[PDB]
């Protein structure tokens, strides 16, 4: 990972960040024993390989909020720690890879079109989708799952249209066996995210958008531990006579 940040810019960010932390220490009268606990906890975060998790939960939403000021298209949201690049390509009408266990879940059929800011359909568009299964596990982050379970790269049609069948995601508990869970426990918080799909949508000459879609009335939608839920991203699927939930959501991309 590399960035184009000048020493002047880093100096000013660092001064603000450390002054802020130091101001919090002074405000609350943080004590030596608390300092010692905080030191050991930072150590434990690294030892438990929890930096991507902790930062994506507690910090990433503010970085997307920065990016969100520059964009007029579909609302973005955090990537979170579970994206995997180069998931297998699928045709514009498709079903995500899933297990026999996954076929017992109520289907979700997600339709729409990738467009530009004027509403024009984009050819060449791709929709990379990934999400957790009904047990709350992500493929490649749980030894029991096929590596592409509920992951795919959907190639949209000449109009940018897609129709994707998957399973209805359910709420995700963040890992709590570790330092991040310990942090949440210590302050009587809760370690839940609402049910969600993740997507990255792209197209020739377009700025990709990384976003998430949630479900109206879903639990935790108003208290997402990751502060990543936006009202614009809440879907309201309708159940068909076949018992499947149908929903249409279009993506609007800013130009690159």
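Residue numbers count along the first chain shown, from 1. In this text, rigid core is short for the largest set of C-alphas that superpose within 1.5 Å between two forms.
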Can you check whether 107-115 or 175-183 lies farther from the displayed model in 7 other deposited structures of this protein, averaging C-alpha distances as RMS after superposing on the core? 175-183
Decide which of the stretches 149-157 and 170-178 has the higher mean C-alpha B-factor, going by the entry. 170-178
Between 93-101 and 131-139, name whichever shows the higher mean Cα B factor according to the PDB entry. 93-101
I'd like to know which of 33, 52, 204, 46 has the highest C-alpha temperature factor in the PDB entry. 204
From 80, 107, 119, 76, pick the one with the largest CA B-factor in the entry? 119
Assert third(CA B-factor, residue 26) within chain per record equals middle
Sorting the chain's modelled residues by C-alpha B-factor, tell me whether residue 233 ends up in the lowest, middle or highest third. lowest
Is residue 223 in the lowest, middle or highest third of its chain when residues are ranked by C-alpha B-factor? middle
Residue 57's Cα B-factor: lowest, middle or highest third of the chain? lowest
For residue 39, return the chain-relative third of its C-alpha B-factor as stated in the PDB record: lowest, middle or highest. lowest
